[PDB]
Every structure is written in C-alpha cells, then in structure tokens.
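Here's a solo chain for you in structure tokens, the form deposited in one PDB entry.
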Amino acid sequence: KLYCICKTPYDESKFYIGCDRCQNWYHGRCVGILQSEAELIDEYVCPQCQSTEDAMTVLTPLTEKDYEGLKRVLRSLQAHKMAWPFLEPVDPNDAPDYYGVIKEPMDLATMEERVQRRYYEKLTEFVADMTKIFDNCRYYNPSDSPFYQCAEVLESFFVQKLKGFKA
C-alpha cells in the first residue's frame, strides 16, 4: 500500500525500479537511479536487502570455492612479516604459564589443520578462530610488547583481506 524508502502510495506516473531480492518497487529518484541508468544493471538490490546480503556472508555455508579462499587467506597470513608469533602453538618452554592463563589457545597451524579437514561450515567460525589468536595474544602480552603489536597489525591486515571474500 505504501512503497519505497519514502513510504508513499503507488503512483503510476513515476518510474519505479524493482528489487530482484524482495520484489518491492522503489522510486528511481529515491535510490539515485535514472531510467537510462537502470538499463545497465541486470539485478537491482535495494538498501535493506543489500545490507542483509552483506550481513549474511559470514553465516552462509562454505562452498568448495570458499575453501579455496580460506586456504589462500591462511597462506597470506602465514607469509606476513608480523605472523611469526602465530605460526605454531605456543611452546610451554618459552612461556611456562601460557597454558594456565590462556584457556582456548589457537594458532595458524591448528587453523590450517582445521581447513584441511573441512572443520569450518561458515565463515564466522574461521573468523572466530582467527580472532581467538589475536585476543589471546593481547590478553597474555603487555600492550607495549611487540607480540601485542604484532596481533594489532595482523588483525588489521586480516580484516582487510576478508573484504570481497564471498561471492
């Protein structure tokens, strides 16, 4: 009865564009799209639906192609200059109290094993394990320590590398 982001009655004198996801119609004007502009995109996706698609990328099942992606992402992390602390499980000999302080240890080799055995079913689970690596480090190590700074840098890197991951 009311349409578009503007919540107005249907007016057949006006140009509408239809969202291919929700099938609701939107004034071309309210979405910044002229008629000549609409004949160049194949599938319009409206503001509300688009943010839903954005949000659900981390929750949809990991495809075979996504798994190729996780392997690449992991490889770029393992190669990063700041990833040296995170390549393997912490050695108790290097930090005798570590496994008493850190309840859920995580590291890149363990994550590689998990990718190998297709342990992850959604992107959010992979991200959760990566986030554990960084949160543990920031928890165990002082803020002025290069270990902590390495976590800060690598997390920032990872967040960038994850943009446009999923189809």
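Shifts are known only where both forms have a C-alpha. When you see a residue number, it is the position in the sequence shown, counting from 1. So that the term is clear: the rigid core is the largest set of C-alpha atoms that superpose within 1.5 Å between two forms.
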Averaging C-alpha B-factors over each stretch, which comes out higher, 122-130 or 42-50?
-> 42-50
Once average C-alpha B-factors are taken from the entry for 149-157 and 5-13, the winner is 5-13
Selection by C-alpha B-factor (highest) of 30, 70, 59, 109 = 30
Chain thirds by Cα B factor, record data; residue 113 belongs to the middle
For residue 66, does the deposited CA B-factor place it in the lowest, middle or highest third of the chain?
-> middle
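The next section is about a form of this same protein that is not shown, the form solved in complex with a partner chain.
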Spell it out for me: taking the partner chain in the deposited complex, does every residue among 14, 20 and 42 have a heavy atom no farther than 4.5 Å from it?
-> yes
Which of 34-42, 111-119, 65-73, 52-60 lies within 4.5 Å of the partner chain in the deposited complex, heavy atoms considered? The stretch 34-42
Examine residue 3 and determine whether its closest non-hydrogen atom to the partner chain in the deposited complex is within 4.5 angstroms.
-> yes
Would residue 25 show up as a contact with the partner chain in the deposited complex if we use heavy atoms at 4.5 Å?
-> yes
Core-aligned between the shown form and the other one, the sole member of 64, 54, 113, 39 showing a Cα shift of 2 Å or more is 39
Core-aligned C-alpha movement of residue 8 between the shown form and the other one, 2 Å or more = yes
Once the rigid core is lined up, which stretches of 3 or more residues in a row have C-alphas that move 2 Å or more between the shown form and the other one?
-> 1-3, 5-15, 28-42, 92-94
